[PDB]
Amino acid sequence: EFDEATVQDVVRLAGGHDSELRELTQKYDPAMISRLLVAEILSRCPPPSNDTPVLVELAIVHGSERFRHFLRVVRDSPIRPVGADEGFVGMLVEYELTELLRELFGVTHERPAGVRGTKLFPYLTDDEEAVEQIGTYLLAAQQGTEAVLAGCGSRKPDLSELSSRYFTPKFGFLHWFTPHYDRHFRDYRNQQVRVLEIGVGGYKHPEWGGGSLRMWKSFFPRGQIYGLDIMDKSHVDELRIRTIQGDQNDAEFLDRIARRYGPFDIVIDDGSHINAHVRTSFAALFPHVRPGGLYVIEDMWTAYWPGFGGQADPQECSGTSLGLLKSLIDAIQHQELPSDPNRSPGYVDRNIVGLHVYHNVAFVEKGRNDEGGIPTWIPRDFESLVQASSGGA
């Protein structure tokens, strides 16, 4: 539907001040921008709760133009555009194009009022039949409007709820990841993030997968989401979600896609869960995580299982994902090693500043690890330290 470079540019300019919003609406056809925003809104809207179907008219204004979209809203159906004559219009919602840009893709504070105009029952002519129409549609029009307006803003969603909405197992039964994802990701939400997740989902099934990609799209209103899978997943692609076919164990492939699409604020490994793959992808992609970014590994349970290249004995971890996580502790501490002119700190040593481990999910913080080791003039035995620190007492 929309060119990815264009969408990213729209998001980039929408994040600016008045001059950037004006630049955007000058650079691109306002009609096209309007269609882009409607596409985003349709994916952003929560599930409708109204049993009686209603229409919500969304009118987008720019200059002398008015782009009218009639949205059919009913429980157990996705919100979709229809013809004006295809139901009862419960509400007219009016946005200025630049205001809707700010609300969806802007860097903005929460605005409790004044972002739009609203005209209830906009075509209900005041005659004898009106009272009947009011009784039938009053509740449904309130519920339908609430759903559409929720899709016109950037309010922070509940990851646990999105997980269930999108049929991904991140929370609720096998796993309990989303509170950790929320804590680690929420501070990135006003940024134009590039997120790469390895493992789109659905494996060989021709129709399944994409639930977690949808989740990140919903969570990051200004984000671009990339999903990597060995199987074709092009049926998942939509506005702000691109899938790529390839093997996470192919370092040459990883180089090309990282240099094409990166650098990434967030990389998540939810792929094969083969231990060697986890290690290969980390080695290849950690360099392409932005400073201040995150590398996440999901499902370390496979570290203990030979069928995934793991080992039943937790101490025999040299080739496992948990062996990697343990080594990252030494990487963090590398500046504390006794000096050796024959030893140079490696890339990971120099570039990890935090490790967070929870049950079956770990977060690695990318950044410059150059705080300085304990200086040579601090004693390297306890008694000497006490003496040095006691001021002659």
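For every residue, the number given is its place in the sequence shown, counted from 1.
**Student:** Select between 297-305 and 142-150 the stretch whose C-alpha atoms have the higher average B-factor in the entry.
**Tutor:** 142-150 has the higher mean C-alpha B-factor.
**Student:** Looking at the entry, does 379-387 or 17-25 show the higher mean C-alpha B-factor?
**Tutor:** Averaging CA B-factors over each stretch, the winner is 379-387.
**Student:** In terms of recorded Cα temperature factor, pick the maximum from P287, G117, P157, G271.
**Tutor:** Each of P287, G117, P157, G271 was compared by C-alpha B-factor; the highest is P157.
**Student:** Which is it among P221, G210, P81, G292: the one with the largest CA B-factor in the entry?
**Tutor:** Within the set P221, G210, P81, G292, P81 shows the top C-alpha B-factor.
**Student:** Place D51 in the lowest, middle or highest third of its chain's C-alpha B-factors, as listed in the PDB entry.
**Tutor:** Within its chain, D51 is a highest-third residue by C-alpha B-factor, going by the deposited values.
**Student:** Using the temperature factors of the C-alpha atoms in this entry, rank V7 within its chain: lowest, middle or highest third.
**Tutor:** According to the entry, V7 has a C-alpha B-factor in the chain's lowest third.
**Student:** Among all modelled residues of this chain, ranked by Cα B factor, put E40 in the bottom, middle or top third, i.e. lowest, middle or highest.
**Tutor:** CA B-factor rank for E40: middle third.
**Student:** Where does the C-alpha B-factor of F171 rank in its chain, lowest, middle or highest third?
**Tutor:** Middle third by C-alpha B-factor.
**Student:** Lowest, middle or highest third: where is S344 by C-alpha B factor in its chain?
**Tutor:** It falls in the top third of the chain.
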